[PDB]
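Just one chain is shown here, as structure tokens, and it is the form deposited in one PDB entry.
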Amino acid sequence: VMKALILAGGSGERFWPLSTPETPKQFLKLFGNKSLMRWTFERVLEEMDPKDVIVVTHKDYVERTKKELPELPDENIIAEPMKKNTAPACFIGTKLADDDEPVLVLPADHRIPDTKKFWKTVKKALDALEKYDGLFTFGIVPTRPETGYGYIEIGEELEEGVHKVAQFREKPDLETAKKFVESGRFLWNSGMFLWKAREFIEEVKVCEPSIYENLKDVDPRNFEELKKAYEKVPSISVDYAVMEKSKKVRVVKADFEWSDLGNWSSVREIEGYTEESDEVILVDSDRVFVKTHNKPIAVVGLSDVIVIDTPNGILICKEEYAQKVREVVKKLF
């Protein structure tokens, strides 16, 4: 018995001009002519019947989620009355589970190309969960001194590849980041989780009563009932809400390619820089990421720049400012 909980609340904001307010990150077909969420759903379906998968997302997103995931029973989609981040989503998704049922929590907007190593790692976490209880996160083995991700400090070892979490650390300085990688004592917080339903519910009661009392006996499908609760409930990631507080947090080492797809630079990391070609002309310009639409694009005198041309517009972004594409969406709409 196992439940999968897909959290799908993102913003394509950093993916303008490809993303539109009407199309959040989760529906973007960045790879292979399928959305991030679809890939994620298919990843899960490798080892699970869809009866045990749950999507927690806004109502605006619900209908297109049905057309994206025809296999998913309409009941298993769970409409949210407002964006209050992952912690409340996690909570209402977890209540569908039975007390001693494992709940695997997954963002809809990440990329994990090896579906088998993913399940190898999840099986390992399931076995560990049964041996030690507590709340489990997945730490990705860093392959570069990445400043864009948050980190998990390895603690005491229970078993090979399963550790207590000594500490969480947010985006570090490049030197600090380089020390984290060289050390081998830090992992990337993948944003993925695994816990037994009952244990998480109880853990929130101490960490964030705010969340527990208001959602305690609210039926998550009853749209109206959940609105009042949500009006009462704060905005706060479960990372901040529970994980940063509990004394029973473990990490499982994940040996697989993973990305949060944070911004356009993240896509470049996966794809590599763009090749000079008949639609991309480069003169004294290196390390450029260019997605063309229907006309040639020439970049002259500029290095480390992202250029995206879609019908919604054209973006031209120095690479390190790829997080500030959000501001474009703020100013534009």
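Numbers follow the displayed sequence, beginning with 1.
Beyond the structure shown, there is the form solved in complex with a small molecule, which is absent from this document and is the topic of what follows.
Distance criterion of 4.5 Å from any heavy atom to the small molecule in the deposited complex singles out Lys171 from the list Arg144, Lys171, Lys232, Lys123. Contact annotation: the small molecule lies within 4.5 Å of heavy atoms from the stretch 145-153 in the deposited complex, the single such stretch among 112-120, 145-153, 176-184, 213-221. Within 4.5 Å of the small molecule in the deposited complex, a heavy atom is found for none of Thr23, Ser266 and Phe289.
Although the partner is absent here, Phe200 sits far enough away that none of its heavy atoms falls within 4.5 Å of the small molecule in the deposited complex. Although the partner is absent here, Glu208 is not a contact residue: none of its heavy atoms lies within 4.5 angstroms of the small molecule in the deposited complex. Contact between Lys164 and the small molecule in the deposited complex is not found at the 4.5 Å heavy atom cutoff. Of the heavy atoms in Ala254, none are within 4.5 Å of the small molecule in the deposited complex.
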